[PDB]
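J.: Under the entry's author numbering, the residues of the sequence shown are numbered 3 to 141, in order. To start, I am sharing the structure in question, which I have written as C-alpha coordinates.
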Amino acid sequence: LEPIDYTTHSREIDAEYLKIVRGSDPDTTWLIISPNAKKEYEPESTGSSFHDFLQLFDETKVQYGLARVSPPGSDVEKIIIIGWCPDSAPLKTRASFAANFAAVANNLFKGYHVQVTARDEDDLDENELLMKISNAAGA
(Lines of atoms letter the chains of each structure in order from A and count residues from 1; the text may use other names and numbers.)
(Lines give C-alpha, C1' and ligand atoms only; values in the text may rest on other atoms or scores of the structure.)
Protein backbone atom coordinates (compact mmCIF):
# COMPACT_ATOMS: atom_id res chain seq x y z
CA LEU A 1 0.00 0.00 0.00
CA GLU A 2 1.02 3.64 0.53
CA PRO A 3 3.25 3.77 3.67
CA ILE A 4 3.33 6.96 5.73
CA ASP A 5 6.49 9.04 5.86
CA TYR A 6 7.12 10.68 9.22
CA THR A 7 10.89 10.19 9.47
CA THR A 8 12.00 12.71 6.84
CA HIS A 9 10.86 15.55 9.08
CA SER A 10 11.35 13.60 12.31
CA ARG A 11 13.32 16.56 13.68
CA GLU A 12 10.42 19.00 13.42
CA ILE A 13 7.87 16.39 14.47
CA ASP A 14 9.68 15.00 17.53
CA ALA A 15 10.43 18.51 18.76
CA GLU A 16 6.72 19.33 19.01
CA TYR A 17 5.88 15.82 20.19
CA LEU A 18 8.18 15.98 23.24
CA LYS A 19 7.02 19.48 24.21
CA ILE A 20 3.45 18.22 24.22
CA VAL A 21 3.78 14.85 25.96
CA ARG A 22 5.99 16.38 28.66
CA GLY A 23 3.95 19.54 29.10
CA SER A 24 7.17 21.58 29.02
CA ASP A 25 5.53 24.52 27.24
CA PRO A 26 2.00 25.91 27.94
CA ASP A 27 1.92 27.63 24.53
CA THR A 28 2.12 24.26 22.80
CA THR A 29 -0.27 21.56 24.03
CA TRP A 30 -1.35 20.16 20.68
CA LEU A 31 0.02 19.37 17.23
CA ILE A 32 -1.41 18.31 13.88
CA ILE A 33 0.85 16.70 11.29
CA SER A 34 -0.14 16.77 7.62
CA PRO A 35 1.46 15.59 4.34
CA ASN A 36 3.32 18.13 2.18
CA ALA A 37 3.46 18.33 -1.61
CA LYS A 38 5.93 15.44 -1.59
CA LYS A 39 3.61 13.34 0.60
CA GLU A 40 5.96 13.80 3.55
CA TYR A 41 4.37 14.40 6.95
CA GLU A 42 5.46 17.44 8.92
CA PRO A 43 4.01 19.76 11.59
CA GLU A 44 1.19 21.74 10.04
CA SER A 45 -0.03 23.56 13.12
CA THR A 46 0.34 23.72 16.88
CA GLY A 47 -1.50 25.71 19.53
CA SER A 48 -2.35 25.94 23.21
CA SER A 49 -6.17 25.60 23.12
CA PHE A 50 -7.78 22.14 22.79
CA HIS A 51 -10.85 23.89 21.38
CA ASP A 52 -8.70 25.34 18.55
CA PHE A 53 -7.14 21.91 17.96
CA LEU A 54 -10.47 20.29 17.14
CA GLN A 55 -11.15 22.95 14.52
CA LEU A 56 -7.84 22.78 12.70
CA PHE A 57 -8.08 19.59 10.67
CA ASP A 58 -8.16 19.71 6.85
CA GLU A 59 -11.16 17.96 5.25
CA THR A 60 -9.11 17.12 2.15
CA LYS A 61 -6.16 15.41 3.85
CA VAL A 62 -5.42 12.48 6.12
CA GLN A 63 -3.80 13.95 9.22
CA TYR A 64 -2.80 13.03 12.73
CA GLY A 65 -3.25 15.16 15.80
CA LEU A 66 -1.69 14.97 19.25
CA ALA A 67 -2.88 16.85 22.29
CA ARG A 68 -2.20 17.03 25.99
CA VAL A 69 -5.42 17.76 27.84
CA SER A 70 -6.76 17.98 31.37
CA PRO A 71 -10.54 17.51 31.42
CA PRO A 72 -12.40 19.85 33.77
CA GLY A 73 -12.75 17.90 37.01
CA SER A 74 -9.11 17.05 37.76
CA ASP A 75 -5.53 18.23 37.30
CA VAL A 76 -4.50 15.00 35.60
CA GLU A 77 -3.11 15.66 32.13
CA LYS A 78 -3.66 13.01 29.49
CA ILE A 79 -2.64 12.48 25.90
CA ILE A 80 -5.06 11.98 23.03
CA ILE A 81 -4.14 11.15 19.46
CA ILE A 82 -6.51 11.66 16.57
CA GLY A 83 -6.48 9.81 13.28
CA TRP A 84 -8.20 12.18 10.87
CA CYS A 85 -9.35 10.41 7.68
CA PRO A 86 -11.86 12.65 5.79
CA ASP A 87 -13.90 11.34 2.86
CA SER A 88 -12.32 13.89 0.50
CA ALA A 89 -8.74 12.78 1.16
CA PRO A 90 -7.08 10.94 -1.76
CA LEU A 91 -8.35 7.38 -2.26
CA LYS A 92 -5.02 5.63 -1.77
CA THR A 93 -4.23 7.49 1.45
CA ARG A 94 -7.62 6.62 2.93
CA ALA A 95 -7.03 2.98 2.02
CA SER A 96 -3.73 3.03 3.91
CA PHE A 97 -5.11 4.93 6.91
CA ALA A 98 -5.78 1.97 9.22
CA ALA A 99 -2.22 0.77 8.65
CA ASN A 100 -0.64 4.23 8.95
CA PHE A 101 -2.61 5.30 12.01
CA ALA A 102 -1.41 2.13 13.72
CA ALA A 103 2.16 3.07 12.75
CA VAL A 104 1.79 6.59 14.15
CA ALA A 105 0.31 5.24 17.37
CA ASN A 106 3.00 2.59 17.85
CA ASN A 107 6.10 4.41 16.58
CA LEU A 108 5.58 8.17 16.53
CA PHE A 109 3.00 9.54 19.00
CA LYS A 110 3.72 6.93 21.67
CA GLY A 111 2.30 7.31 25.17
CA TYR A 112 -1.28 8.26 24.35
CA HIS A 113 -4.13 7.60 26.75
CA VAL A 114 -6.92 7.95 24.20
CA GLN A 115 -7.04 7.10 20.50
CA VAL A 116 -9.83 8.38 18.26
CA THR A 117 -10.63 7.98 14.57
CA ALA A 118 -12.36 11.00 13.01
CA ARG A 119 -13.84 11.89 9.61
CA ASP A 120 -15.52 15.25 10.25
CA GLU A 121 -16.24 17.85 12.93
CA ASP A 122 -19.02 15.75 14.47
CA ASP A 123 -16.37 13.18 15.38
CA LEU A 124 -14.50 15.90 17.25
CA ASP A 125 -17.07 17.15 19.77
CA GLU A 126 -15.09 18.70 22.63
CA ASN A 127 -17.28 17.39 25.46
CA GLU A 128 -17.45 13.87 24.07
CA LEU A 129 -13.64 13.78 23.90
CA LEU A 130 -13.07 15.36 27.30
CA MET A 131 -15.21 12.50 28.64
CA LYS A 132 -13.18 9.83 26.86
CA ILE A 133 -10.02 11.46 28.20
CA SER A 134 -11.42 11.47 31.72
CA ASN A 135 -12.37 7.75 31.51
CA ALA A 136 -9.01 6.73 30.01
CA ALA A 137 -6.70 4.08 31.49
CA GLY A 138 -2.89 4.29 31.62
CA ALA A 139 -0.54 5.35 28.80
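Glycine included, every Cβ here is placed at the ideal spot set by N, Cα and C.
Can you check whether the CB of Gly-49 is closer than 8 Å to the CB of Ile-81?
T.: No. Outside cutoff.
J.: Apart from the five residues on each side of it in sequence, which residues of its chain come closer than 6 Å, Cβ to Cβ, to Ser-90?
T.: Cβ neighbours of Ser-90 beyond the five flanking positions: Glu-61, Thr-62.
J.: Would you list the residues sitting across from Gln-117 in a DSSP beta bridge?
T.: The partner list for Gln-117 (beta bridge, DSSP) reads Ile-83.
J.: Starting from the C-beta of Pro-37, find all residues in its chain whose C-beta is less than 6 Å away, skip the five residues before and the five after it, and write them out in chain order.
T.: Same-chain partners within the cutoff: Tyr-43.
J.: Please state whether DSSP places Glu-128 in a helix, a strand or coil.
T.: Reduced to three states, the DSSP call for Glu-128 is helix.
J.: Rounded to whole angstroms, what is the Cα-Cα separation between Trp-86 and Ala-139?
T.: Approximately 22 Å between the Cα atoms of the pair.
J.: When burial is assigned at 16 or more other CB atoms within 10 Å of the CB, is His-53 buried or exposed?
T.: So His-53 ends up on the exposed side.
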